[PDB]
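The structure under discussion appears below in the form of structure tokens.
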Amino acid sequence: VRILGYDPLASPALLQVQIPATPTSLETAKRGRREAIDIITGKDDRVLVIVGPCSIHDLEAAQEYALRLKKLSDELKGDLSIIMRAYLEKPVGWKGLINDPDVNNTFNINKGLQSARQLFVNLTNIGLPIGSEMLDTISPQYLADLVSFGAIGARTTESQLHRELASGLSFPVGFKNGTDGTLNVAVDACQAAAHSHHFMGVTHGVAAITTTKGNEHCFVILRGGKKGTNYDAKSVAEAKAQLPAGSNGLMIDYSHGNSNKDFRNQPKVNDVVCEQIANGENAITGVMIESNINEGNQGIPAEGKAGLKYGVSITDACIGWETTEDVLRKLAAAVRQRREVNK
Amino acid sequence: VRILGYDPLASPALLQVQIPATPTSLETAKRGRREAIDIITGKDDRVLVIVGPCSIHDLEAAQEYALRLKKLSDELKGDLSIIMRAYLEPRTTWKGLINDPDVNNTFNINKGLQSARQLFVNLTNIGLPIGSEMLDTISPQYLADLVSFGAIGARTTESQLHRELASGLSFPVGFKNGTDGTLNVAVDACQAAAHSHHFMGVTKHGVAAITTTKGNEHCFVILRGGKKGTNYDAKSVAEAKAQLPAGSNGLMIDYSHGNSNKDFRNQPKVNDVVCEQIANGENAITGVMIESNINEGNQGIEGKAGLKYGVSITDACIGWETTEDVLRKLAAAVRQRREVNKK
Ligand SMILES: [Mn+2]
Ligand SMILES: [Mn+2]
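Protein chains in written order, with PDB author numbering: chain A, 1023 to 1113, 1117 to 1228, 1230 to 1369; chain B, 2023 to 2111, 2113 to 2116, 2119 to 2326, 2329 to 2370.
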């Protein structure tokens, strides 16, 4: 009585055929996973960097950005393992690329899944690994094969459904610290996801029973909270203090809460973080940066896509490309100096 | 690479044909919903009660308990509208009736769903309405037609997935406050559940499709305490009422879990404090949740064979006679409130 109806949904298998992943895309995704694993587990001393737009609403602009990040990745491969941020939505307002690909308030999930997949293929096909946030348990079925890094939404860190999901993904997954500032829920999540799980889920577009093997590559993401920002050494210490033995490295988000809701502070956070890294801090193995071709953000005008400024986020504000180069080169320097403190 | 494999899953439709609901079952489910609605909206001045085991692992024992509650219910029907707790499982490393129906640390979801549906039919068949937690977006499809009340656990009240599910359910849904004791996430969930959603889900035939729901105006908050302490006292209740927007439904207080502090004998103490408020005129308290079984306490696991009869194998519960005394007191508080209101 509360279900208006069901509209047809193309299965992942069908989508994978219409928008096939090139050998390069597959190899790229595989490579991104290996590198991320070695870093969060300490086998590698470079830093894992998830850099990119808060969200992608324009494939062309994303491709130009990707090409720039690719070039700069090759320049800093020795110190950084860069994965492009390819998030589809920011949890009223534009519901994201999957739900509203045309950015016109309509709903076209089938067209959305096609755009999202075309995007993922486009990016990985040039040798650039991507990372996306797992919003639900069904969409990953359509994109996972092209992902090298996944993050679980903060609102679902405590969800068994997402912990089960994580336990079955073929790549590292990050969980955010609780809203109260503590790391319990995230730690529990990582432990839960490490176990094998048995559950019902979509596969061919039908529901089946899944058995996962468990994911040992889950880590905590520091993202500020009710007790303030937590990227500083004091907070980092408190964070490591509550990480049971055998934990993976921590990943720090420069944006959102830790940036005090101001894209301009991301580089300031970079400074405080680079400082720790340069002085020998080995628990910080990753960072998250919201960057785009141009800085800041913009609202969606009455006209729609037609009135949007090119290369400017329509969700959270980002630092521009030039600033991103500065931030990343500085981070790379911090990593280099860190190898020395470890000599 | 982290998916050990899949096993075929009988569809909700198949199981509904296999284990059909009797005309008495459907009628009870319907009635349970109508009565719950009139209460949470303030039409009826009786109190809604969701009483029953933490979980059901023994169908026979559940039936005995049901007969008793059905009889006690007929006695108090003038003051209370009773719905029996018929839950299957919070994940804390027994996996529940759906996963481990044999209570022997194995997995058989197909058999679990059958036992669950049979259980639901058995109970509603004697005229006793039932309530359960809505775990995911799939399992409910196998039981919805028999349910009169649904609950969203504290660990998933923030899950968009569950808010979407609630908006499409044919009965009232209660959202529990967060594990940290935070109430706004539940108030929030009710708002979200109140309107239409468009997302990916599964049909009666087990096919993934795009679902459009209409919104559920019968959602409410369930105070169940948490990390920052219990929340059933007058101060907390007034604090809770303050957060609720205009036109909100009444509150439901959970005597167990966070509000009893892992001590079943605290449930009757909560009942006294809650009764005092009701007896003295508190009209905003429209519901209560109680963890009750034939015999009090709980127990661990020779397998089922060794387990004591009417005793839970999950959260401790108050025994039957305690339950009866608790309910009769609650009933009196109700009658008293009527008198206070006529003034
Ligand atoms: Mn963002
Ligand atoms: Mn319980």
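Ideal placement from N, C-alpha and C gives every residue a C-beta, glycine not left out.
- With the criterion set as a beta carbon lying under 8 Å from some beta carbon of chain B, the members of the stretch 1131-1143 of chain A are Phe1132, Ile1134 and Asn1135, in sequence order.
- Taking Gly2121/B as the centre and dropping the five residues before and after it, the same chain places the C-beta of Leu2110 and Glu2111 closer than 6 Å to its C-beta, in chain order.
- Within chain A, the residues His1223 have their CB atoms less than 7 Å from the CB of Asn2124/B, given in chain order.
- Distances between the C-beta of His1282/A and the heavy atoms of ligand 1 include at least one below 8 Å.
- For the stretch 2239-2280 of chain B, the full-length alpha helix (DSSP H) segments reaching 4 residues or more read 2259-2268 along the chain.
- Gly2206/B and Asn2308/B have their C-alpha atoms roughly 23 Å apart.
- One Cα belongs to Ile2247/B, the other to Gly2178/B, and the distance between them is close to 10 Å.
- Judged by their CB atoms, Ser1047/A and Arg1107/A are not nearer to each other than the 9 Å cut-off.
- As the crow flies, the alpha-carbon of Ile1072/A is around 43 Å from that of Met2277/B.
- Under the Cβ distance rule, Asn2274/B does not count among the residues neighbouring chain A, no pair being separated by less than 9 Å.
- Burial of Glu1316/A is indicated by the presence of at least 16 other C-beta atoms within 10 angstroms of its C-beta.
- Along the stretch 1230-1264 of chain A, going in chain order, the ones with a CB nearer than 8 Å to a CB of chain B are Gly1231, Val1232, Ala1233, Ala1234, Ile1235, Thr1236, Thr1237, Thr1238, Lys1239, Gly1240 and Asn1241.
- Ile2059/B and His2220/B do not touch by the CB rule: their CB atoms are close to 18 Å apart, not below 8 Å.
- Taking C-beta atoms as the reference points, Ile1319/A and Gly1337/A count as a pair closer than 9 Å.
- No heavy atom of ligand 1 is found nearer than 8 Å to the CB of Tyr2087/B.
- If you look at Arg2068/B, you'll find it isn't in any alpha helix (DSSP H); DSSP assigns it neither H nor E.
- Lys2201/B is classed as buried because its beta carbon has at least 16 other beta carbons within 10 Å across all chains shown.
- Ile1303/A and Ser1339/A have their C-alpha atoms some 30 Å from each other.
- Taking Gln1038/A as reference, the option from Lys1260/A, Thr1050/A, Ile1326/A and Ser1164/A with the minimal CA-CA separation is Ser1164/A.
- Excluding sequence positions up to five before and after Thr2131/B, its CB lies within less than 8 Å of the CB of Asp2125, all in the same chain and listed in chain order.
- Here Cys2344/B carries a strand assignment [DSSP, helix/strand/coil].
- Residue range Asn1209 to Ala1219 is occupied by the alpha helix (DSSP H) that includes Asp1213/A.
- No Cβ of chain A is located within less than 9 Å of the beta carbon of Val2039/B.
- Between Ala1234/A and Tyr2028/B, the gap from beta carbon to beta carbon is short of 9 Å.
- Out of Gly2251/B, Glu2329/B and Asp2352/B, the CA that lies nearest to the CA of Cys2300/B is found in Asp2352/B.
- Annotated three-state conformation of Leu1354/A is helix, per DSSP.
- Here the distance from the Cβ of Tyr2109/B to the nearest heavy atom of ligand 2 is below 8 Å.
- C-alpha of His2223/B to C-alpha of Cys2215/B: approximately 17 Å in a straight line.
- Runs of the alpha helix (DSSP H) spanning 4 or more residues and lying entirely within the stretch 2128-2162 of chain B occur at 2134-2149, in chain order.
- Interface residue (Cβ-Cβ distance to chain A less than 9 Å): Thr2207/B is classified as such.
- Using a C-beta cut-off of 8 Å, the stretch 2070-2090 of chain B makes contact with the stretch 2137-2156 of chain B, since at least three inter-stretch Cβ pairs fall below that distance.
- Using a cutoff of 8 Å, the CB of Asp2288/B does not count as near ligand 2, since none of the ligand's heavy atoms is closer than that.
- Among the residues of chain B, those whose CB is under 7 Å from the CB of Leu1026/A are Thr2237, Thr2238 and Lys2239, following chain order.
- Out of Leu2269/B, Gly2251/B and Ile2041/B, the CA that lies nearest to the CA of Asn2286/B is found in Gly2251/B.
- Between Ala1141/A and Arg1188/A, the beta carbon gap of about 24 Å keeps them out of contact (Cβ cut-off 8 Å).
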